[PDB]
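Some notes on the structure that comes next.
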Amino acid sequence: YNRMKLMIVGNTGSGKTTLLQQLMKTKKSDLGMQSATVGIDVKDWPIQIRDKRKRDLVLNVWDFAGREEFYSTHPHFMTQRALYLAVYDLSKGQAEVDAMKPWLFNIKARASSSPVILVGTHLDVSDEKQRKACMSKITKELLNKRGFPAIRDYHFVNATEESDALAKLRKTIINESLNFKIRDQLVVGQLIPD
Ligand SMILES: Nc1nc2c(ncn2[C@@H]2O[C@H](COP(=O)(O)OP(=O)(O)O)[C@@H](O)[C@H]2O)c(=O)[nH]1
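Sequential numbering from 1332 applies to the sequence shown in UniProt numbering.
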């Protein structure tokens, strides 16, 4: 059972829809101005893994509307066998760290584990000054110690494009999932009934 969960969260406007669609291999000549999610949905992410012998990993990725009605009201989505990814809007500079700061409300309040990364979206419409302010504040606040072990890393991603912008995220998430253990049991590779 090579399955693990992932929570994709952020404040609406951060661009999660485009990010996940490009990560799922959508392309061009389609709607640019994509809609925003309501509710909390889930999709499978079967990302092939290689070695001298082929491997795989399928994530249960949870699509959370970046709206309070689908966050502060649903604490039961926090778990310890999931990775966490924040979709961060770079066009607001460091102001977005302050905007994400309150998400502790569910993340610390209810036991959770293995946060991994922040994804800096809107790279293409953000200033260098903003990106510098972002990484400065992200580090100052979150990577130092949001209030819980938010102490991980980030990538600034041109989410509209694939390239390295997305390859870096796929590599980061799979490498963490693939090596994550809960109660010393690798999540990706359990022996279960049925
Ligand atoms: N320029 C640019 N636009 C983006 C990017 N990512 C997504 N989009 C915008 O994201 C909008 C969708 O809103 P969204 O925040 O994903 O709603 P949510 O599901 O509540 O989080 C789309 O209409 C696009 O205009 C990006 O990195 N660059």
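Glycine is no exception: its CB is placed at the ideal position from the N, C-alpha and C atoms.
For residue i, which residues in the same chain have their Cβ closer than 7 Å to its Cβ, ignoring the five residues on either side in sequence?
| i | result |
| --- | --- |
| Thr1349 | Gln1365, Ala1490, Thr1491 |
| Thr1410 | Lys1336, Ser1443 |
| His1453 | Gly1346, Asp1420, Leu1421, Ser1422 |
Using only alpha-carbon positions, find the residue among the options that is nearest to residue i.
| i | options | result |
| --- | --- | --- |
| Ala1417 | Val1518, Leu1500, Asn1506, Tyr1332 | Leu1500 |
| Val1369 | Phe1401, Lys1383, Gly1341 | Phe1401 |
| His1405 | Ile1371, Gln1425, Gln1379 | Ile1371 |
| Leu1449 | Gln1379, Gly1363, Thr1503 | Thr1503 |
| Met1355 | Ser1508, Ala1464, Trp1376 | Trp1376 |
Any idea which residues DSSP pairs residue i with across the strands?
| i | result |
| --- | --- |
| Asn1333 | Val1519 |
| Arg1441 | DSSP output for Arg1441 lists no bridge partner at all. |
| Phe1395 | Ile1371 |
| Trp1376 | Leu1390 |
| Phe1487 | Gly1451 |
| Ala1413 | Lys1336 |
| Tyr1419 | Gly1451 |
Could you tell me how far apart the beta carbons of residue i and residue j are, in whole angstroms, since I believe they sit closer than 8 Å?
| i | j | result |
| --- | --- | --- |
| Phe1395 | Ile1339 | 6 Å |
| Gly1478 | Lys1439 | 6 Å |
| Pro1446 | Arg1483 | 5 Å |
Once the 5 residues before and after residue i are set aside, which same chain residues still bring their CB inside 8 Å of it?
| i | result |
| --- | --- |
| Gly1520 | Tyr1332, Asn1333 |
Sorted by chain position, which residues of the same chain lie with C-beta nearer than 6 Å to residue i's C-beta, five sequence neighbours on each side aside?
| i | result |
| --- | --- |
| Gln1379 | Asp1387 |
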